[PDB]
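Visitor: Would you mind keeping the following structure in view while I ask a few things?
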Amino acid sequence: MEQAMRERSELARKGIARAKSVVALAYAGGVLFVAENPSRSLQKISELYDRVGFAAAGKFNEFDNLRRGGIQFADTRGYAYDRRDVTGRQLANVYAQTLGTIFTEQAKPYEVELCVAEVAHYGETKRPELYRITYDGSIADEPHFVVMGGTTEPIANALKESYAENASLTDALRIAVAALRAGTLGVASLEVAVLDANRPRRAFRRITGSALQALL
Amino acid sequence: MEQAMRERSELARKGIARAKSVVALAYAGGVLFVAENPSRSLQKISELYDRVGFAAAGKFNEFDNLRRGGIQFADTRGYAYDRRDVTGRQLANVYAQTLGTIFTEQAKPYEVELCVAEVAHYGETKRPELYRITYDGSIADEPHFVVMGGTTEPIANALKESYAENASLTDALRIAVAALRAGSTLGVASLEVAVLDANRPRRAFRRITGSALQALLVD
Amino acid sequence: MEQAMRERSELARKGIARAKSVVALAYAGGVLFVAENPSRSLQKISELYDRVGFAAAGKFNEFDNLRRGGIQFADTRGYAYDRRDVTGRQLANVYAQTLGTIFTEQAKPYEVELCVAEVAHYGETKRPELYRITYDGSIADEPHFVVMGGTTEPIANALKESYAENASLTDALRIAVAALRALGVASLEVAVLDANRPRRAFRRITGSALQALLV
Amino acid sequence: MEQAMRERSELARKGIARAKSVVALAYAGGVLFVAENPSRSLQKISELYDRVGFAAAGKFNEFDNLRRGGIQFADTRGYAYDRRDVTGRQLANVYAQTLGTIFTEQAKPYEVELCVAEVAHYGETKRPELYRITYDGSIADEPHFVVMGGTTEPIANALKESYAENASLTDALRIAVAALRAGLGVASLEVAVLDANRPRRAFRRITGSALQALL
Amino acid sequence: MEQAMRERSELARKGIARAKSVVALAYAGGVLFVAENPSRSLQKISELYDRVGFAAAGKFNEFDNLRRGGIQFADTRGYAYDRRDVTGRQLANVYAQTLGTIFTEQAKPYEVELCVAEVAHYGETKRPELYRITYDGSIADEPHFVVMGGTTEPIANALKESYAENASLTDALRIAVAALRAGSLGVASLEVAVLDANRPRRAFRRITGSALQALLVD
Amino acid sequence: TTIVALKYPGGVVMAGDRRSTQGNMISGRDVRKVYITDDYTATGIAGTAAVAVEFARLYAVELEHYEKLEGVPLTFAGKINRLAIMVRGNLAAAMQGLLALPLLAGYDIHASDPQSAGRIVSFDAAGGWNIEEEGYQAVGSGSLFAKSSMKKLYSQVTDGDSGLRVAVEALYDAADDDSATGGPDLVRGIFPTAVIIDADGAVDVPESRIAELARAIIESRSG
Amino acid sequence: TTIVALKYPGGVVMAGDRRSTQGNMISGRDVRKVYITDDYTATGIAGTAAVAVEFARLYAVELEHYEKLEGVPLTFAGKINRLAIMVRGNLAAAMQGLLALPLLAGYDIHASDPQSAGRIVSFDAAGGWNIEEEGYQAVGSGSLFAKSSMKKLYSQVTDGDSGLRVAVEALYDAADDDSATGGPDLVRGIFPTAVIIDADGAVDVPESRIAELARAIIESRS
Amino acid sequence: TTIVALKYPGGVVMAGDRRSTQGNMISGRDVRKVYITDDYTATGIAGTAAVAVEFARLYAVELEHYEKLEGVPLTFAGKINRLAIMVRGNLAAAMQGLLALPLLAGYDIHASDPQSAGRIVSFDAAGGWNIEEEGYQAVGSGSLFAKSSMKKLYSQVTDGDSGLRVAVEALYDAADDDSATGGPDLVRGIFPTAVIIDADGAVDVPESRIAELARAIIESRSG
Ligand SMILES: Cc1cc(C(=O)N[C@@H](CC(=O)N2CCC[C@@H]2c2ccccc2)C(=O)N[C@@H](C)c2ncc(-c3ccccc3F)[nH]2)no1
Ligand SMILES: Cc1cc(C(=O)N[C@@H](CC(=O)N2CCC[C@@H]2c2ccccc2)C(=O)N[C@@H](C)c2ncc(-c3ccccc3F)[nH]2)no1
Ligand SMILES: Cc1cc(C(=O)N[C@@H](CC(=O)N2CCC[C@@H]2c2ccccc2)C(=O)N[C@@H](C)c2ncc(-c3ccccc3F)[nH]2)no1
C-alpha cells in the first residue's frame, strides 16, 4: 500500500524531472506562457475557455489527454449553465480530482504537472489567478507565476529576483527566457502564448513566428 | 488483509499528520470554524445545509469530494422531505458510513478528518452539536470543541484550558487562534474563518473575511 | 485461504474486544438493554419491529449499517405478508446469513456483535427470546442474558452468579450495571422491550426517569 | 492449485469435525432423524418435499442457505411439472452440483455435510433412500444409516454393530441416541421422522412430552 | 503459467486415478458398458441420443454436469436440424472443446474421463465407434474398447488378450468383468448398459437385477 | 360458474358447481373449482380456467413454501395479502380477457374466539380484498342469485350440516337462474363439490353427501 | 364515499362512512376507511379499494420506517410531501381507472400555538396538495354535500364532542344526497368511523358515541 | 391564475392571485403562487398545482445547490438556462394535461447599470425563453387582460411603490375579466401576494400593503 504509492509517486516525480520546463507568469496585460518546445506542431500550452488557459509539463499524450478532458468539462459546463460560470478555480478543482483519481487507480500514474490560469473579463478589473496541480492531485494557488517540469528550483530562483508585477509583455518574455536558461533560447526552441485581458471574448492568443521574432 | 488495513490506517494517519489544523468551537452566537489556510480560493470550511456547517483537514481533493457528497446528500434529503428533517447528526452518520466504505474499499484510503456542526433553527433554543468523523469512519459526538489535523494534543489541551461557554465571537476567535498557534505568526492572510450564526433567520453559514476579520482578531 | 480466514477472524475478534460492552436480559416486564455509551446522540440499541429489539457492540458505522438493513428487512417483510409474521428469529437468521457473507467476502470483516430480542405481543404469555450473532455469522439462542463486546468473561460470570428470573425492572437495571463494572446516566444508554405495551414494545429510559431507576 | 484446494478441503474438514453430530436411520415406519441440538429455536433437520427430508451438519448459516435453496429447487420443480416428479435423488444430485461449485469457486468453502432422505408415497411400497453429500460435492448412497459431523467413526461403528432393519420407532430412537452417546435428553436433542404412514406430508417433528415419552 | 498447468494436469490425472474403473466394449450386438458402481440410483453410464451412449469415470458431480451438457447439445442440435444429423463424432468433439476450456479456465479442473459410443442405425451395417475424451480435452479414436479410471494397464492388457469383436452379450460381459477384476464383483456392485444395434430407435438399454444375474452365471 | 362460502359455528364451508361453457355450448360437466390450499384454507375461483388453475396451484405452493422456509405458516392476514398480490399481478391479462376472481374461506387457528374463527374473504380484479362480516359470500355469474338465496336461508345455519345444505341450495338457486352454472346431474351422478373447514382442518365433502342434499332439495321443491 | 375532517380548539377530527358500491349494487356495509397512520396522523381515503389499502398500509409503514431509521419522526411537511409523492406515483393507474384520493388530518407536535396545531391536507390525482386553513374539508362523491353542510354547522364547533357531532352530521347529509355514501344503519348497527387527534395523540372514537350522536340527528330531523 | 411582473428604476416586482379552480368549482382561496427562489430571484407559476410546486422547490434547491457546490451563485443567464431546461423536461407531461408555465423576476447584481438591472423572463412549454425588454409581463389565464392593463398603466411606474400599485391593479383587471383569477376577498381578508427585488435583495411584500392598494383601487372603481 504505502510502498506502492511511493513507487508511483517517485515514478511520476522522476518522469517530470526528466521533462522540459514550463513557466506561466502574471504581467500587466494578463498571463504569459513560455515553454521550451522543440516541436513544430505539438503543443504544451493551450486554450481552455474564454479567459482560462492551460500549460503542462511531462509525457505528452497524458497531459494532452488531461487537456482534452478539461476542454470537454469547460465546454459542457458552459453549455449547461452560462459561459461566465466557467472559472479557472473550477478547472483547477476538476483537474485536482482527476489527477488524484489517476494517481490512485490508474495502471500507471500520469507523469504530468499542470497549470490553469485565469485573467479578468473584458472591461473588468481583477488580478490574474494561477493554479498548479501535481501528479497526485495536489493543488496550489500562486499569486505571481508557476514553474513546473525539469529542474525547477533554478528557474524559480531567477523568477524570485527577476519578477516585477505589472511588467510589460516585452519585459516579461525576456525575464521568462532568462529564468528558463538558468537550468541561448530562440524562437525555434520556444512556444509562447498569452491570456490577453484586453481581448473582448477569447483571451488566449499564440505568439508565433515573425511576431515572436519581433517580440524577441 | 490485516497488514493491508494496518498500512492503510498508517497512510491516512500520517497524511493527516502533515496537514494544517482546523478547530470548531461552540459559543454564544452559534459555532465558529477557524482553520490554518494560506490560500485565497481553496476553502476548507463550507456550508452544508441551512443550519449545518462543515470543516475538514487533510488532502484537499479528497475532503472536497466528501464535501460535495455531503451537499448532495443534504439537498436530496431536503427535497425528498422537508428542509427541517435534515439534521447535522444525519450528515455525520452518512459521513461515518461513507468514510468506512472509502477506508476499506477505495484504492487509497482518504487522508481526511471531518467535522459536522449544527446550530439551532431561528428562534429555537438548542445547544450546538459537533461531530468528528475519522478517516476510518469513526464518529464521535463532542460537546464543546473539535480539533482536526496536524499535532492535535497541544491545541486540544489548550482549548481544554481556555474554553468558556457562551463566549463572545471575539473571545472565541482569540481562544481558537491562540490554541492554534500554541500547537503551531498568523493573521488574516493565514486563516479561513466562518460561523454558523444562530441569529440568521434562514441560512446560518457566514464567512468573516477581510476588514471584518481584521477588526475581530485584534481589539 | 487458512491464512486469510485466520486474519479475518483475528481482526474482527480484536476489534470487538476493544469496543465497549452491551448486556441484554429477560425480566418480568420484558427485555432490558443496557449498554455502556457515553455519547449523547449515537445509539447502540434500537427498535427493529413491534416486539423485536436490536443491540450491538463494536464499530459504529458497521453495526449501524446492519441495523438499518434489519429495519428494512422487518418493514419489507411485514408489508409483504403481515406485521405478525415478522419474528425475532427471522431477524436473527437473516443477520447470521448476512454477517457470514460480510465476513467471507467483504474487503474487511465487520467488527460487530449483534443481539436480537423479542417479547410477547400484548395480552399473550410467551417467554422472551434472546439471539446472539457473532462477527462470522454464528448464531446462538440464549434463555437469560446476552453479553457482547469487550472483555465478556467477568460480565458473563457476574450475571451467572447474580441473575434471577422474572426480576423487577429496577433489580434488572442494578444487576446489569453491576455486571458491566467488571456508570451513571451520562455514560449509559438503557431501553426496554416492554411486553405491557399494546402496539410498539420498544421504549428508551433516559434522564430523570433513568436516574430514579438507578438508585 | 494443489495449495489452494488442499487448504480448502482441510478448512472444511476441520469445520465439520468441530460440529455436533447427526444420525439418520431407516426404520419400519420410514426415516428417523436425530441431531444433537441444544437450541430451542434453531433447526438442523427440515422438510424438503412431501416425502423428502433434510438433515445437515456444520455451520448453521451455510447449511440453512443450502436448505432454503433445496426447498426452492423442490417447489419450483414441482410447480413446473407435478409434485410426484420430485425425488430425493434429484435433491441429492443438485446438492452435489451446488456443493461442488461452492467448494471450488466461493470465497470460503462451506463447512457443511448434508443428508437427504426419501420415504415412499402413501399407498406405495418402496424401501427408503438415504443420500449423504459432502463439502466437496461428493455424493454417497447409503442403505441403512447416515452419520454427519463430529468424530463420525465411533457412531458409524456403534451403528454398524447395533442396527437392524425394520426396528420400531422406539428401538430406532434409542439405538440412535446410543450411537450419538459414543462420542442426551429431550432438552439437548432435535428429533423428527419422515413417516411413510402419513398421506400427504410425511415430515413430522417429535418434541416435548411425546419425545420424552419415547425415551 | 508452467507450474499452474503442472498442478492442474496432476490434480485431474490423480483424481481420475483414485476413482473406480469403467469399461466400454464393442461386441457383436453393439456396445457394452460395464462400470464398478456400488450405488443403486447414482449412474456413471447414460443415454445421450438415439444410437449414442455415454460413460464416465471420476468425480460424480463433474462428469454428471458434462453428461447433462452433452444431452443438451444432442437434443438442441437434433431439434435445430434432424435427429439423423446427431453423431457420436459431434458429441466427442464438443466434449473435447468443452473439457479443454474447463481444464484451461475453471477454478479447478474436471477430474473426469469420458467415453462416447455410437452403434449403427437400425437395419444398417456400420461398425461401432468409441471415442475417449480425457481431462484436458485430448480426444482419441479407439477400435474395440475403452478403459477409464483406476489403474487402466491391467484391465487394458486383459482386454487386449481376451477380446473378441463378435462375442455375445454374455461373453463380452464376463470378459469385461474379468478384466475389471484383473484391475483391482456381482450385480450389487455393477452398473451395466448396452447400445443395442437391434432396437428400432433408442439403442440404449440398462441391464438390471435378475436379468444381469442371469447374464453373470450360466 | 358460481362459488359460495359461508361461516357456521366453529367452521366454514365452500362449494362450487361443475359447469364449463364457452359461448352457449356446455364444454365441461365435472370441473373442480374449489381447492384445498392448505390444512386450514380453501379457495374457489371463477373465471378463465387457465388463470384459475394457475392461481390455485401457485397459491398452495406459495403458502407451503413460506411454511417450509420459516418453520411456521403465514398468519391469515398474510395469506390474504399474498392472494391479493397474485390477483393484482394478473390484472393486465384480466384487462385483455384472462379474468378470474378467487374466494377465500379459512379457519384462523390464531383467532381469539374458536367458534367464530371462520373467515370469508372476497377479492376483485384490482387486488382489493374484503373480509366478509355478514356470514356468506359468493363469486361468479350466479353469485347474486346464490347470495340473495343465502340472505333468506342463512338463519337456518347452526352447524356444519345446515350450513352445507344451504350452500348446496344456494348453488341450486344459482344454477336455476344462471345458465352458466350447473345444477345437480341425476342422470350422470355429478354434483357440486364442497370443502368444510373446522379446528381439525380442511376436508373434502364426499360426493354422495352432496347427492343426498341435492335430492332432498329437488323433492323439497317438487311436492 | 365521503371522508370529512375538521379542526376544533386543541385538535382535529376525521370521520368516514361504511359503504362500498360497484355501479349501483351495494358491495359493502362495514368498510373502514379512516386509518391511524401514526401517533399524530390519520388518513381517510376515497376511491378504488386496492389503491386505498395500499396507500394507508404503505404510508404508515413508510412513516414508521423513517422514525426507526433516523430516531426521530418526520416533520409534518415531510409527511405531506411523502403522501403527495405516493399519490403522484399512482397517476398512471389513476388515469386507467384505479383512482383514489386521500385526505390527511394530523396534530403537529412542533406547531407554535398548541390550540392551532390541527392540520388538514387535501390532495389531488397529480400529487398536488393544499393545507386547509378554513377549518374543514371532505373528499369523495359526497364531499360537496358534507362541505356545504359543514359551512353552515361549523359555528357550533367549540370543543371535541361538538366537532365530532358536526362531523357525523355532515356525513349524514352526504349520505342523504349521495347514494354512494352510506348513512347510519339503525337495523344492522353499523355507523361511521372516526378518529380524533389531540396533544395526547390519535385515538379511535368508540362506536357507542357515534351511535348516540347519529340517533340525536335522526330524532332531530324527524 | 394570473402572475404579473414589471420593472421599475432599480428593481422588479412580481405579484400573483390566490385562486385555485377545478373546472368551474373553486378549490382554493389562499394559494401562494409567487416564491422567492433565491436572494435575488423570484419565480411565479401558472398551471397545474403539482407541477408548479415541484418547479418552485426543485428550482430553488438547484440554485442553492450550485452556489453551495461552487461558492458563487449562478449568473442570471445560467439561472434562465436551468429553468428553461426544467420546463422543457416536463413537455411530455404537459401534452397530457400537466402543463405549467413559470415567470421569472430577478435583480442581476452583476449588471453594468444597477438602475436597469431588473430582469423579467417568460417561458413556454417548449423551454423557449425570452428576456422581456418592454418593462412588464404576465403569465396565466388572465395574462392578456393583465398585459393590456399594464400597457395603459405602465407610464405611471416611477419607483417601487407605483410598480406594486400597477401590478396589483393589473391583477385586479385580470380577476375582473377572468373567472379563473381571484380578486381581493374583502370578506375573508385575502389579497394577492407580491415579491419585490432590488439591490438589497428579494422580500415578500406584507399583506397589509397590498390590502391598502386593493382598497384604493376598489374605491377608485366605485366612484
Ligand atoms: C384466451 C383464451 C380463453 C379461453 C377460454 O375461454 N377457455 C375456456 C376453457 C376451454 O375451452 N377448455 C378446452 C380445453 C380445456 C379447457 C377446459 C374446459 C373445461 C374445463 C376446464 C378446462 C374457459 O376458461 N371457460 C370458462 C367458463 C371456465 N371453464 C372452467 C373454468 C374454471 C373455473 C374455476 C375453476 C376452474 C375452472 F376450470 N372456467 N381460451 O383461450
Ligand atoms: C379496475 C377495478 C375496479 C375495481 C372495483 O370496483 N373495486 C371495488 C371493490 C369491490 O368490489 N370488492 C369485492 C371484493 C373486495 C373488494 C372490496 C369490497 C368492499 C370493501 C372493500 C373491498 C371498489 O373499489 N369500490 C369502491 C367504492 C370502494 N370500496 C371500498 C373502498 C374503500 C375506500 C376507502 C378506503 C378503503 C376502502 F376499501 N372503496 N376492481 O377492479
Ligand atoms: C391530472 C390532475 C389535474 C389536477 C388538478 O387540476 N388539481 C387542481 C388543484 C385541486 O383541485 N386540489 C384539491 C386538493 C389539492 C389540490 C390543491 C388545491 C389548492 C391549491 C393547491 C393544490 C389544480 O391543479 N388547479 C390549478 C388551477 C392550480 N391550483 C393551484 C395552482 C398553483 C399555480 C401556481 C402556483 C401554485 C399553485 F398551487 N394551480 N389534479 O389531477
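Quick note on naming: the chains in the C-alpha cells go A, B, ... in the order shown, residues restart at 1 in each chain, and ligands are numbered from 1 in order of appearance.
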Can you give me chain H superposed onto chain F, least-squares on all Cα in order, written as a compact mmCIF listing (two decimals) with C-alpha atoms, in the first residue's frame?

Guide:
# COMPACT_ATOMS: atom_id res chain seq x y z
CA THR H 1 -69.63 -20.53 -12.54
CA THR H 2 -70.86 -20.06 -8.96
CA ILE H 3 -68.77 -20.44 -5.80
CA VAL H 4 -70.36 -20.10 -2.35
CA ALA H 5 -68.84 -19.79 1.10
CA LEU H 6 -70.56 -19.35 4.45
CA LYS H 7 -69.67 -19.32 8.15
CA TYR H 8 -71.19 -21.56 10.81
CA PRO H 9 -70.40 -21.78 14.55
CA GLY H 10 -66.90 -23.25 14.58
CA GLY H 11 -66.11 -23.42 10.88
CA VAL H 12 -66.70 -22.39 7.29
CA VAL H 13 -67.95 -24.25 4.21
CA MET H 14 -67.34 -23.58 0.51
CA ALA H 15 -68.94 -25.30 -2.49
CA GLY H 16 -68.84 -24.91 -6.25
CA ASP H 17 -70.59 -26.13 -9.38
CA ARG H 18 -69.13 -28.36 -12.10
CA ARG H 19 -70.04 -26.60 -15.36
CA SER H 20 -67.66 -25.19 -17.95
CA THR H 21 -69.10 -23.13 -20.80
CA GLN H 22 -67.61 -21.60 -23.95
CA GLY H 23 -70.14 -19.04 -25.06
CA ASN H 24 -73.35 -21.06 -24.98
CA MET H 25 -71.68 -24.43 -25.63
CA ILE H 26 -71.18 -26.75 -22.66
CA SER H 27 -67.45 -27.54 -22.63
CA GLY H 28 -67.34 -29.22 -19.22
CA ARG H 29 -69.51 -31.27 -16.87
CA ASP H 30 -67.18 -32.28 -14.01
CA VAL H 31 -64.90 -29.30 -13.32
CA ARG H 32 -63.45 -29.14 -9.81
CA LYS H 33 -63.40 -25.46 -8.85
CA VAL H 34 -62.76 -25.61 -5.07
CA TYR H 35 -59.21 -26.43 -3.94
CA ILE H 36 -57.78 -27.14 -0.52
CA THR H 37 -54.86 -24.70 -0.54
CA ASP H 38 -53.55 -25.60 2.92
CA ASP H 39 -54.57 -27.56 6.02
CA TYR H 40 -56.84 -24.69 7.13
CA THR H 41 -57.52 -22.78 3.89
CA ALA H 42 -59.56 -23.47 0.75
CA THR H 43 -59.80 -21.32 -2.38
CA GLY H 44 -62.62 -21.47 -4.93
CA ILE H 45 -62.29 -19.57 -8.18
CA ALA H 46 -64.53 -18.23 -10.95
CA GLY H 47 -63.45 -17.20 -14.43
CA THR H 48 -60.95 -18.32 -17.08
CA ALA H 49 -59.96 -21.92 -16.37
CA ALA H 50 -56.26 -21.36 -17.10
CA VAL H 51 -55.97 -18.42 -14.70
CA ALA H 52 -58.02 -20.29 -12.09
CA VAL H 53 -55.75 -23.35 -12.14
CA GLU H 54 -52.61 -21.19 -12.12
CA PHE H 55 -54.05 -19.29 -9.14
CA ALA H 56 -54.84 -22.43 -7.14
CA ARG H 57 -51.55 -24.22 -7.78
CA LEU H 58 -49.33 -21.15 -7.40
CA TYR H 59 -51.15 -20.12 -4.22
CA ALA H 60 -50.85 -23.51 -2.50
CA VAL H 61 -47.21 -23.80 -3.57
CA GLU H 62 -46.59 -20.31 -2.19
CA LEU H 63 -48.15 -20.97 1.22
CA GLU H 64 -46.40 -24.31 1.74
CA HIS H 65 -43.22 -22.66 0.46
CA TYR H 66 -43.41 -20.05 3.22
CA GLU H 67 -44.10 -22.55 5.98
CA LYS H 68 -41.30 -24.83 4.77
CA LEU H 69 -38.84 -21.92 4.66
CA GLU H 70 -39.84 -20.49 8.05
CA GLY H 71 -41.13 -23.52 9.97
CA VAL H 72 -44.44 -21.77 10.71
CA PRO H 73 -47.45 -21.11 8.44
CA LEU H 74 -48.42 -17.59 7.46
CA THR H 75 -50.93 -15.70 9.53
CA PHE H 76 -54.32 -15.54 7.85
CA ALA H 77 -53.82 -11.83 7.15
CA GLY H 78 -50.60 -12.69 5.33
CA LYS H 79 -52.43 -15.30 3.26
CA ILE H 80 -55.04 -12.68 2.30
CA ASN H 81 -52.20 -10.33 1.36
CA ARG H 82 -50.36 -12.80 -0.88
CA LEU H 83 -53.58 -13.84 -2.61
CA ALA H 84 -54.47 -10.18 -3.21
CA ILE H 85 -51.02 -9.53 -4.69
CA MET H 86 -51.39 -12.53 -7.01
CA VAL H 87 -54.83 -11.35 -8.16
CA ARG H 88 -53.51 -7.81 -8.71
CA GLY H 89 -50.62 -9.07 -10.84
CA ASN H 90 -53.11 -10.51 -13.34
CA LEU H 91 -54.95 -7.23 -13.97
CA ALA H 92 -53.44 -6.57 -17.41
CA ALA H 93 -54.36 -10.06 -18.63
CA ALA H 94 -57.80 -9.67 -17.04
CA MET H 95 -58.51 -6.50 -19.03
CA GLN H 96 -57.76 -8.52 -22.18
CA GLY H 97 -60.28 -11.24 -21.25
CA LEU H 98 -58.32 -13.60 -18.96
CA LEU H 99 -60.23 -12.57 -15.84
CA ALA H 100 -60.58 -14.77 -12.76
CA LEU H 101 -61.74 -13.84 -9.25
CA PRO H 102 -61.08 -16.07 -6.24
CA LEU H 103 -62.97 -16.62 -2.99
CA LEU H 104 -61.19 -17.51 0.23
CA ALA H 105 -62.45 -19.66 3.11
CA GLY H 106 -60.40 -20.49 6.16
CA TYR H 107 -60.17 -21.33 9.85
CA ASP H 108 -57.81 -19.01 11.74
CA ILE H 109 -56.22 -21.25 14.37
CA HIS H 110 -54.71 -18.10 15.95
CA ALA H 111 -58.16 -16.59 16.47
CA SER H 112 -59.25 -15.57 19.96
CA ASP H 113 -62.71 -17.17 19.86
CA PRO H 114 -62.61 -20.56 18.06
CA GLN H 115 -66.41 -20.53 17.61
CA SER H 116 -66.17 -17.53 15.26
CA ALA H 117 -62.69 -18.27 13.87
CA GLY H 118 -64.25 -18.95 10.46
CA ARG H 119 -63.15 -16.53 7.76
CA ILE H 120 -64.45 -15.55 4.31
CA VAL H 121 -62.52 -13.17 2.04
CA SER H 122 -63.69 -11.83 -1.31
CA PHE H 123 -61.54 -10.17 -3.96
CA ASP H 124 -61.84 -8.00 -7.05
CA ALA H 125 -59.74 -7.71 -10.20
CA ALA H 126 -57.76 -4.80 -8.69
CA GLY H 127 -56.46 -6.88 -5.79
CA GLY H 128 -58.90 -5.17 -3.44
CA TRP H 129 -60.03 -7.58 -0.76
CA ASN H 130 -62.71 -7.65 1.92
CA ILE H 131 -63.08 -9.88 4.96
CA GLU H 132 -66.80 -10.67 4.97
CA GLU H 133 -68.44 -10.00 8.35
CA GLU H 134 -72.04 -10.88 7.42
CA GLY H 135 -71.72 -14.67 7.25
CA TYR H 136 -71.76 -15.67 3.57
CA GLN H 137 -70.38 -14.71 0.17
CA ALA H 138 -70.35 -15.95 -3.42
CA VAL H 139 -68.36 -15.25 -6.58
CA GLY H 140 -69.21 -15.94 -10.21
CA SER H 141 -71.90 -15.36 -12.80
CA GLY H 142 -74.63 -16.75 -10.54
CA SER H 143 -73.24 -15.12 -7.41
CA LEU H 144 -76.11 -12.62 -7.10
CA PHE H 145 -78.76 -15.35 -7.13
CA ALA H 146 -76.66 -17.31 -4.63
CA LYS H 147 -76.18 -14.39 -2.23
CA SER H 148 -79.88 -13.54 -2.45
CA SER H 149 -80.82 -17.15 -1.69
CA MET H 150 -78.46 -17.26 1.29
CA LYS H 151 -79.97 -13.99 2.51
CA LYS H 152 -83.22 -15.90 3.10
CA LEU H 153 -81.67 -19.23 4.11
CA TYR H 154 -78.91 -18.08 6.47
CA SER H 155 -81.01 -18.02 9.66
CA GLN H 156 -81.20 -21.82 9.32
CA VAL H 157 -77.43 -22.27 9.73
CA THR H 158 -76.65 -23.64 13.20
CA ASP H 159 -73.77 -26.07 12.53
CA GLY H 160 -71.86 -27.70 9.68
CA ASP H 161 -74.78 -29.78 8.41
CA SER H 162 -77.16 -26.84 7.99
CA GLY H 163 -74.30 -24.78 6.53
CA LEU H 164 -73.57 -27.34 3.82
CA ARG H 165 -77.32 -27.68 3.21
CA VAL H 166 -77.76 -23.93 2.71
CA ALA H 167 -74.64 -23.82 0.51
CA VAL H 168 -75.86 -26.55 -1.84
CA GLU H 169 -79.29 -24.92 -2.00
CA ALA H 170 -77.70 -21.58 -2.93
CA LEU H 171 -75.80 -23.33 -5.72
CA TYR H 172 -79.14 -24.87 -6.72
CA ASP H 173 -80.72 -21.42 -7.07
CA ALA H 174 -77.61 -20.21 -8.91
CA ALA H 175 -77.98 -22.94 -11.53
CA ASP H 176 -81.74 -22.34 -11.49
CA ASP H 177 -81.33 -18.75 -12.73
CA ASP H 178 -77.88 -18.80 -14.41
CA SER H 179 -77.28 -21.00 -17.47
CA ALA H 180 -73.51 -20.69 -16.94
CA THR H 181 -73.83 -22.44 -13.54
CA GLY H 182 -74.36 -26.20 -13.49
CA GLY H 183 -76.97 -27.88 -11.34
CA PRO H 184 -77.04 -31.48 -10.11
CA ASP H 185 -76.86 -34.01 -12.94
CA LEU H 186 -79.02 -36.87 -11.68
CA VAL H 187 -78.40 -38.83 -14.90
CA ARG H 188 -74.60 -38.69 -14.93
CA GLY H 189 -74.38 -38.54 -11.13
CA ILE H 190 -72.40 -35.28 -11.00
CA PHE H 191 -72.94 -32.88 -8.10
CA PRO H 192 -71.16 -29.76 -6.80
CA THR H 193 -67.98 -30.13 -4.77
CA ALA H 194 -67.58 -28.89 -1.22
CA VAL H 195 -64.84 -28.30 1.35
CA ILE H 196 -65.53 -27.86 5.07
CA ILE H 197 -63.04 -26.34 7.52
CA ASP H 198 -63.04 -26.33 11.32
CA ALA H 199 -60.44 -26.62 14.09
CA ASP H 200 -59.54 -30.12 12.87
CA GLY H 201 -58.69 -28.74 9.42
CA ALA H 202 -60.07 -28.71 5.88
CA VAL H 203 -61.62 -31.78 4.26
CA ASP H 204 -63.36 -32.54 0.98
CA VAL H 205 -67.03 -33.33 1.52
CA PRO H 206 -67.76 -36.80 0.08
CA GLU H 207 -69.83 -36.91 -3.10
CA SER H 208 -72.67 -38.98 -1.64
CA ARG H 209 -73.42 -36.39 1.07
CA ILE H 210 -73.84 -33.55 -1.44
CA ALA H 211 -75.92 -35.93 -3.56
CA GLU H 212 -78.19 -36.59 -0.56
CA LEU H 213 -78.66 -32.86 0.00
CA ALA H 214 -79.31 -32.30 -3.72
CA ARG H 215 -81.98 -35.01 -3.85
CA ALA H 216 -83.67 -33.60 -0.74
CA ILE H 217 -83.70 -30.14 -2.34
CA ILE H 218 -85.08 -31.40 -5.66
CA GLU H 219 -87.90 -33.39 -4.07
CA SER H 220 -88.62 -30.35 -1.88
CA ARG H 221 -88.95 -28.18 -5.00
CA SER H 222 -91.16 -30.80 -6.72
CA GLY H 223 -93.78 -30.77 -3.95

Visitor: Distance cut-off 6 Å, counting only C-alpha atoms - which residues of chain B neighbour chain C? Return them as a PyMOL selection string.

Guide: chain B and resi 2+96-97

Visitor: Mind the document's chain letters and residue numbers, and return as JSON, numbers by chain the residues of region 32-218 of chain B that DSSP labels strand (DSSP E).

Guide: {"B": [32, 33, 34, 35, 36, 45, 46, 47, 48, 49, 52, 53, 54, 55, 56, 57, 58, 112, 113, 114, 115, 116, 117, 118, 129, 130, 131, 132, 133, 139, 140, 141, 142, 145, 146, 147, 148, 191, 192, 193, 194, 195, 196, 197, 205, 206, 207]}

Visitor: Run DSSP on the backbone and give me the residues of region 124-219 of chain F it puts in alpha helix (DSSP H), as JSON, numbers by chain.

Guide: {"F": [143, 144, 145, 146, 147, 148, 149, 150, 151, 152, 153, 160, 161, 162, 163, 164, 165, 166, 167, 168, 169, 170, 171, 172, 173, 174, 175, 176, 177, 207, 208, 209, 210, 211, 212, 213, 214, 215, 216, 217, 218, 219]}

Visitor: Within 9 Å of residue 104 (chain E), counting only C-alpha atoms, which residues qualify if same-chain residues fewer than 2 places away don't, as a PyMOL selection string?

Guide: chain E and resi 5+8+99-102+106+109+136

Visitor: What residues have any atom no more than 7 Å from ligand 2 when counting only C-alpha atoms and all ligand atoms, and can you list them as a PyMOL selection string?

Guide: (chain F and resi 122-126+128-130) or (chain G and resi 1+20-22+27-28+31-33+44-50+52-53+97-98)

Visitor: I need the chosen residues saved as a CSV table (one decimal), in the first residue's frame, with C-alpha atoms.

Guide:
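Contents of the output file selection16.csv:
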chain,number,residue,atom,x,y,z
F,122,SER,CA,-63.7,-11.8,-1.2
F,123,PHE,CA,-61.5,-10.3,-3.9
F,124,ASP,CA,-61.7,-8.2,-7.1
F,125,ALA,CA,-59.6,-7.8,-10.3
F,126,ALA,CA,-57.5,-4.9,-8.9
F,128,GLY,CA,-58.8,-5.3,-3.4
F,129,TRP,CA,-60.0,-7.6,-0.6
F,130,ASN,CA,-62.7,-7.6,2.0
G,1,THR,CA,-67.7,7.5,-0.2
G,20,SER,CA,-68.8,0.2,-0.8
G,21,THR,CA,-70.6,0.1,-4.1
G,22,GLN,CA,-69.9,-1.3,-7.6
G,27,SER,CA,-71.0,-4.4,-2.1
G,28,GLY,CA,-70.0,-3.2,1.4
G,31,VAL,CA,-65.8,-0.7,5.1
G,32,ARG,CA,-63.3,1.1,7.5
G,33,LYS,CA,-61.7,4.0,5.6
G,44,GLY,CA,-59.0,8.9,5.1
G,45,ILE,CA,-59.3,7.7,1.6
G,46,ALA,CA,-61.9,7.7,-1.2
G,47,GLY,CA,-61.8,5.7,-4.4
G,48,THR,CA,-60.6,2.3,-5.6
G,49,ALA,CA,-60.3,0.0,-2.6
G,50,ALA,CA,-57.0,-1.7,-3.6
G,52,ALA,CA,-56.8,2.9,-0.8
G,53,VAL,CA,-55.5,0.0,1.3
G,97,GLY,CA,-59.4,3.9,-13.5
G,98,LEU,CA,-57.5,2.9,-10.3
